[PDB]
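Report on the structure given below.
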């Protein structure tokens, strides 16, 4: 029924692209941080 | 630009129970159990596209 973060990941991969806004809301209710994103765009960006 | 939220959640904050929201955004279909073995009210235009 649940596990959150898959989901934004698995969708981000199949689309091949996600808007900077696409990840923000699709992120789990857990990490909301502003500087959180900074490195994780670099994470998703080397992979797709 | 904030995080996405399910629409209906705002209506609840306006003091609308689920029944009220359904009452707002959906028409009604009346199911009558008369004598026995279900009867239904029919608006003749409801049968379009089905």
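Chains as they are written, first to last, in my numbering: chain B, 1 to 48; chain L, 101 to 150.
Positions of the beta carbon are idealized from the N, C-alpha and C atoms, including for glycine.
Taking CB distances under 8 Å as the criterion, tell me whether residue 112 of chain L reaches chain B.
For this step, residue 112 of chain L is matched to residue 12 along the second chain. Residue 112 of chain L does not count as touching chain B.
query = Using a beta-carbon distance below 8 Å, is residue 103 of chain L in contact with chain B?
reply = Against the second chain, residue 103 of chain L aligns to sequence position 3. For residue 103 of chain L, the answer is yes, since a Cβ of chain B falls inside 8 Å of its Cβ.
If you draw a straight line from the C-alpha of residue 111 of chain L to the C-alpha of residue 21 of chain B, how long is it?
Within the second chain, numbered from 1, the residue matching residue 111 of chain L stands at position 11. Within the first chain, numbered from 1, the residue matching residue 21 of chain B stands at position 21. Approximately 25 Å, taken between the alpha carbons.
field: Short-range partners of chain L found in the segment 20-31 of chain B, where Cβ spacing is below 9 Å
entry: 21, 24, 25, 26, 27, 29
_Below 8 Å on the Cβ atoms is my contact criterion, and I expect residue 131 of chain L with residue 138 of chain L to pass it. Report the Cβ-Cβ distance as a whole number of Å._
What you label residue 131 of chain L is simply residue 31 of the second chain in a count that begins at 1. What you label residue 138 of chain L is simply residue 38 of the second chain in a count that begins at 1. Cβ-Cβ separation between residue 131 of chain L and residue 138 of chain L: approximately 6 Å, consistent with a contact (criterion under 8 Å).
- prompt: Where do the N-terminal and C-terminal ends of the alpha helix (DSSP H) with residue 123 of chain L fall, by residue?
  reply: Counted from its first residue, the second chain places residue 123 of chain L at position 23. Here the alpha helix (DSSP H) through residue 123 of chain L covers 118-125.
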